[PDB]
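J.: Build the 3D model from these lines:
(chains A, B, C and D, ligands or ions: 8)
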Number of protein chains: 4
Amino acid sequence: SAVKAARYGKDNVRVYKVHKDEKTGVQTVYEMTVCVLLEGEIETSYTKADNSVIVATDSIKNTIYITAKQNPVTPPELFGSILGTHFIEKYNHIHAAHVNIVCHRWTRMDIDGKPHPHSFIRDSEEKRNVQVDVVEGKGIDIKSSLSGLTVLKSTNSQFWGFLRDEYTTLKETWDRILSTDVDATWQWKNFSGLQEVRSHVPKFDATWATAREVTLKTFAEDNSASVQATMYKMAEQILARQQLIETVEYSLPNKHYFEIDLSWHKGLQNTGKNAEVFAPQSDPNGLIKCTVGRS
Amino acid sequence: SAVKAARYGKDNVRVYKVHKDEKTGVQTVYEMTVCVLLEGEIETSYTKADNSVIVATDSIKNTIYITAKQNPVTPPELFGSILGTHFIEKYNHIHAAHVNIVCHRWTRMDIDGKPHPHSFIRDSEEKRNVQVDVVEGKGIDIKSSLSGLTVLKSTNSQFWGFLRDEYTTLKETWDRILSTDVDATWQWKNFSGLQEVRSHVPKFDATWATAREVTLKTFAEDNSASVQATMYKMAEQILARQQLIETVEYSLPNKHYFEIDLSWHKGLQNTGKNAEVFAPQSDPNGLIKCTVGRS
Amino acid sequence: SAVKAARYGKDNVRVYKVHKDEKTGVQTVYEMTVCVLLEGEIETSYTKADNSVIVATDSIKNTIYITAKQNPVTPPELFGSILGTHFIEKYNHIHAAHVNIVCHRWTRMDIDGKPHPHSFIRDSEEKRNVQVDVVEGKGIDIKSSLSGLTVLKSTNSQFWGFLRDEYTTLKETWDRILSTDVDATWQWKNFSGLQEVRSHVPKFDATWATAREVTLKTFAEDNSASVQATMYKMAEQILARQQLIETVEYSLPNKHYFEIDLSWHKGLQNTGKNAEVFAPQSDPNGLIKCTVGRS
Amino acid sequence: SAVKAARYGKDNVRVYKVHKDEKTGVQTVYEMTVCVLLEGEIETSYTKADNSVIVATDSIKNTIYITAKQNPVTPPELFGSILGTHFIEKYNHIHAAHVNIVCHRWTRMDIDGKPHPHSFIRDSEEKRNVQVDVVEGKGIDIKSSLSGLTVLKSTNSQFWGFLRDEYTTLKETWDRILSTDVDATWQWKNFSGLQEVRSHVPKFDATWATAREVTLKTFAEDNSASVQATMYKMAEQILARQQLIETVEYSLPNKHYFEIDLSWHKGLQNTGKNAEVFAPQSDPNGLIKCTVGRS
Ligand SMILES: O=c1[nH]c(=O)c2nn[nH]c2[nH]1
Ligand SMILES: O=c1[nH]c(=O)c2nn[nH]c2[nH]1
Ligand SMILES: O=c1[nH]c(=O)c2nn[nH]c2[nH]1
Ligand SMILES: O=c1[nH]c(=O)c2nn[nH]c2[nH]1
Ligand code: NA
Ligand code: NA
Ligand code: NA
Ligand code: NA
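T.: Numbers count the residues shown, from 1 in each chain, chains lettered A, B, ... in the order given. Ligands and ions are numbered 1, 2, ... in the order given. You can find the structure just below:
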């Protein structure tokens, strides 16, 4: 036997940071969950108990806090690039750093219609994420995403025209509920290193904003032919609005809402145009995925 | 042996309802999770396999959908009162109905600054709940709550002056992070039946709004002496703004955020007035509770 | 307004303890999650920012570790009694201590058919729990339970004879799947204090063993008429086997497994006596509860 | 823009199956959660609302139940191969089927020391899984795994000799707790189709048994130098015991258990050789991974 691949590090490192404007007194908070996995010349830790090649995961954790203390933690694309670059430059034998960041929402509260200087609400469980891969001699690969964005439209979704054979029982519909949890990923052109990542810093928050905005508008306004058709329209538009992105990926569950036939009860009409009350189904769920790039 | 208490029913009934304005075309959605437990002359089901006294839980489920079809599902206080009253009036031997409702958020989206007629976002995992107990000959007891309201303030929380003995290591602080998940419950004066519950329908949404508003404002503006001191101020105010409430209960975890001493690293200053980066602690957590009533 | 009730403390305190036999070299591990809530003369912390009456939750946490260091942590009934007694005796103004313990499974592994001296497996997520209430001048009230015990029988469950009216669609059945998650609670006669709790220490592990044994055997062998009928038989038997118990409570979900009609597909027979493949339903679920005492 | 990749299907399909021996009366149950994702000539569903190419996810679900009715569901390697082969052979334009199966434990109960014919316990949340990829013209690729196998040893784990620099605070240790959740994956040599998968059916249960057995024994008996060193020994051995496996992957969290210094309390000794009580840490956690193949 032989080691064919190996990576190790620290997962589920919770990190909070506050910025305090000494002038205005306005404070701002950031909270993330960070994972850093390293690869490089570490096989001997596995095959011969050689721990000299191991940067202890506890030191990785300390390094995450130290880097957050010494650098901006926003946008997460930048912070993860700084953190992965640190490990491949500090440690001669570490050749790749894989950094995942989950950003948690802390939205400033409005009290009496005015923004509060230091009080915040988790207005939703939606996350903003990055996957930053810093590879020696291969630059910096960033995938940005939003996830846990849960939406529903009560009409203006259709699904008809699908294959029908002896395994098919689904009825065609011209009017149904569509609900999903949006997982949207935009993959950035390769960056040569930290200077290039820094040089594009504004595009990270802009592009996240755009992806979110396009996702919500397209969802709301598309008279959807299918989840497949609607997500492609989302991906297309994002691609057309930020040239530094190479691909857009969607992963969307179809969170089904079933009609309930109550006709058995005093002739009640609750189906088709008369449908008012529905049974949300926890499982199973369709799962629809696509990666869209440039023609 | 003897049966000393017994209740049974259907739990985790997911229910969606849509309202469609035929005029404006504006649609509105409601989604809840409903539990209905019955008590009454049912002991023989337990002691002698007498299932004649059992309203099957499947029929309870059908009844929930049927009642949602035939009645408003909002405010949840009303819907749960209608549902519990149904069981104690329909079934001579059923003498109490315990109804719990969890209302899920489906907030109308704004697209291009204007409200969409049929698209919605789960803007947060915060819930609005009711516990409605309909008891034959004892009226209707309603407890309303909000839960999962997650908040943080980065300053203007203190904790000093607490008991110190040989078990104490906590340092007094004059400036700390305070974060919690708000579980707030207001308990309504007894209602004689469904007519009285209906007669006060507007107060249910008003009072939920108030509790939420008071919770957030007090949290944001109180230079907090403790979680205990701050929650009492919240409870007091709600009591003073709605006379039909008899008590207000809070259950608040103290979700600790620990300073991180980095002085061991190149003399870095990250404590006290220099604290920027903190470690959010998943567990353990203080848990602070109180029930406040009228003097 | 006035404080009507108040309690506070530390929740979700994870605790591990190891015992090392210096002789045999056999080690044994215990792992729990502990919550301690205190009540007493603490209202002023809420109404006037008087933190002098507060035993900080951090000190409560230290006290849990200190007590586990100085005392056996098993059986949990004993450990929780020692811990609650500590707070009401140490602090003149603390008059009640509410202690909840969740015991996690660490079962010794058998390697090559022989018990290993220091390696363990979480053989299941089933828990053993206690709720110990130590109240000044009111002794010690203990409720013991097992929970998360997940079981299924594929036959020898029936449900017929239940009420049928216009809300009923459930078909009677003489052969169905029954699956549940057992939550079983035995409530001990009041104990005058720690000496009496100690005097009965053997009965705690014995009685837990019995409840589990009776639960599983009755479940397996009862040709069940209903969940109601089967759980009562369990409760009865436990009551008859340990006289120091006053009541036995069960809370049992009916985790439904639905038949799937495939007759629409090449005449396939999958219902009634031909049922092989079923759809386990995550929600909703019947919920059946009872408390049985002595006639 | 252009579709670069696309797959869709049904996720979280719960499936139960019972086998009933008409002779002995012994019944046996199987329960899984199945996901089937298809790829092929489906891009037009995304780009032009062409649903003709879509096998509805609801039909995929029906097909899962139908296949479970018509075929053995065990070993899961076989069942997933049958299911993926069905889709690529039935549908000319579907060219790959990705099938994931999670098998849930239903272990036969022993009542009074004898195996019960139809009653079962979820003895643990550990799962047995398969990932079966059926690709037209590329055979069948199977990855088998076990996951959620939670273990702890109280001694005979060490960690010393790791890199130390200005970011390091971890103390070397010669005696620590090691606990993890085992995720172990063995990847099978490519299979040409269903006949070859069938021809090796016995090796699937045998090899799962072996991997589990090796995992537990190595964990228990290795005086571990690191998680890295111990997992490699596990992977090596499995590779040496089943030649049809090409690689073995482990993903292991280091679920830390921290010593608690109580020396501040009456000089209590709870560290090093005196350590009895520890604080299990929920997060963060080291994460150690490796893929081992043949030299
Ligand atoms: O077994 C271990 N491996 C590591 O890489 C590590 N880092 N900290 N502690 C550790 N323990
Ligand atoms: O055992 C059962 N008890 C009930 O109350 C019930 N209702 N539906 N199915 C049921 N099964
Ligand atoms: O607000 C607080 N209340 C308490 O009871 C406490 N104990 N520790 N920290 C605390 N903070
Ligand atoms: O939008 C949809 N896409 C699908 O592939 C599908 N299959 N069933 N329902 C569906 N709805
Ligand atoms: Na390097
Ligand atoms: Na009645
Ligand atoms: Na006292
Ligand atoms: Na094909």
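J.: Right, and ligand 3 sits closest to which residue of chain A?
T.: As assessed by CB to the nearest ligand atom, ligand 3 sits closest to residue A:119 within chain A, at 16.2 Å. Placement of C-beta: from N, CA and C, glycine included.
J.: Helix, strand, or coil at the closest residue to that residue other than its chain neighbours?
T.: For residue A:119, ignoring the flanking residues on the chain, the nearest one in space by CB to CB, 6 or more residues apart in numbering or on different chains is residue B:220 at 3.7 Å. Of the three states, residue B:220 takes helix according to DSSP: H, G, I helix; E, B strand; the rest coil.
J.: do the same with residue A:101
T.: Quick answer, by three-state DSSP: residue A:101 is strand.
J.: ok, it - how many residues close by?
T.: By the criterion of other CB atoms under 10 Å in any protein chain shown, residue A:101 has 26 neighbours.
J.: excluding its backbone neighbours, what's nearest it?
T.: residue A:76 (4.4 Å).
J.: thinking the one you found is in contact with residue A:129, fair?
T.: Yes. The pair residue A:76 / residue A:129 is scored as a contact, 7.4 Å apart, by CB atoms under 8 Å.
J.: which stretches of the stretch 151-295 of chain A form helices?
T.: Assigned by DSSP state H, counting those that start in this stretch, the stretch 151-295 of chain A shows helices spanning A:194-199, A:201-221, A:227-241.
J.: Reformat those helices into CSV and put distance to residue C:109 next to each item.
T.: Listed next are the helices of the stretch 151-295 of chain A as CSV, based on distance: least, CB to CB, whole Å:
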stretch, distance to residue C:109
helix A:194-199, 48
helix A:201-221, 48
helix A:227-241, 47
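J.: on that earlier part again, how much space between the residue nearest to residue A:119 and residue A:107?
T.: 13 Å (CB to CB, to the nearest Å).
J.: Relative to residue D:166, how far out is residue A:51?
T.: Taking CB to CB, one finds residue A:51 at 18 Å from residue D:166.
J.: Which of the two has more residues huddled nearby?
T.: Counted by other CB under 10 Å, residue A:51 and residue D:166 do not tie: residue A:51 has more neighbours, with 21 against 13.
J.: who touches the residue lying closest to residue A:251 once chain neighbours are set aside in this structure?
T.: Spatial nearest neighbour of residue A:251, excluding adjacent residues (CB to CB, 6+ apart): residue A:183 at 4.2 Å. With contact taken as CB atoms under 8 Å, 6 or more residues apart in numbering or on different chains, residue A:183 is in contact with A:145-148, A:250-252.
J.: And for residue A:178?
T.: So residue A:178 contacts A:152-153, A:157, A:224, A:227, A:230, A:254 (CB under 8 Å, 6+ apart).
J.: Return the member of those residues nearest to residue A:25.
T.: Distances from residue A:25 to these, taken as CB to CB, are shortest for residue A:152 (39.9 Å).
J.: How about the closest one: which residues does it bridge to?
T.: residue A:179, residue B:120 (DSSP bridges).
J.: burial of it, as a residue count?
T.: Neighbours around residue A:152, by other CB under 10 Å: 25.
J.: so it touches residue A:179, yeah?
T.: Yes. Between residue A:152 and residue A:179 there is a contact at 3.9 Å, judged by CB under 8 Å.
J.: Overlap in contacts, those two.
T.: residue A:255.
J.: quick check, the host helix or strand of residue A:88 touching ligand 5?
T.: Using DSSP states H and E, residue A:88 sits in helix A:76-90. Yes. Helix A:76-90 is in contact with ligand 5 by CB under 5 Å from the ion, via residue A:88.
J.: Check which helix or strand residue A:35 maps to.
T.: strand A:27-40.
J.: ok, back up a step: to what extent is the residue nearest to residue A:119 buried, counted in neighbours?
T.: 21.
J.: Pull the contacting residues for it.
T.: Contacts of residue B:220 (CB under 8 Å, 6+ apart): A:109, A:111, A:116, A:119, B:153.
J.: how far away is it from ligand 4?
T.: Going from residue B:220 to ligand 4 by CB to the nearest ligand atom, to the nearest Å gives 43 Å.
J.: do the same with residue A:239
T.: 22 Å.
J.: and what of residue A:154?
T.: 16 Å.
J.: Quick check, that residue in contact with residue B:120.
T.: Yes. Under the criterion of CB under 8 Å, residue A:154 lies in contact with residue B:120, with a separation of 7.5 Å.
J.: show me the contacts for residue A:147.
T.: Here residue A:147 is in contact with A:126-127, A:129, A:181-184 (CB under 8 Å, 6+ apart).
J.: beta partners for it?
T.: Bridge pairing for residue A:147 - DSSP bridges - gives residue A:127.
J.: Excluding covalently adjacent residues, which one is nearest to the residue sitting furthest away from the middle of chain A?
T.: Most distant from the centre of chain A: residue A:266, at 47.8 Å, with distances by CA atoms, centre = their mean. Distances taken as CB to CB, 6+ apart put residue C:166 closest to residue A:266, at 6.9 Å, once the chain neighbours are dropped.
J.: measure the one you found to chain D for me?
T.: In this view, residue C:166 and chain D are 31 Å apart by CB to the nearest CB, to the nearest Å.
J.: Please look at that residue and residue A:267 and confirm they touch.
T.: No. The pair residue C:166 and residue A:267 does not pass the contact test of CB under 8 Å, sitting 11.2 Å apart.
J.: Leaving out chain neighbours, which residue sits closest to the one residue in chain A that gets nearest to ligand 6?
T.: Closest approach between chain A and ligand 6, counting by CB to the ion: residue A:265, at 20.8 Å. Leaving aside its sequence neighbours, residue A:265 sits nearest to residue B:66 (CB to CB, 6+ apart; 5.7 Å).
J.: for the one you found, phi and psi?
T.: phi -60, psi -50 (degrees, to the nearest 10).
J.: for it, what are its contacts?
T.: Contacts of residue B:66 (CB under 8 Å, 6+ apart): A:262, A:265, A:268, C:167.
J.: mind listing what residue A:265 touches?
T.: Contact partners of residue A:265, counting by CB under 8 Å, 6+ apart, are B:62, B:66, C:166-167.
J.: Ignore what I typed, I meant residue A:76.
T.: With CB under 8 Å, 6+ apart, residue A:76 has these contacts: A:32, A:101, A:103, A:128-130, A:144, A:204.
J.: Roughly how far does it sit from residue A:130?
T.: In terms of CB to CB, residue A:76 sits 4 Å off from residue A:130.
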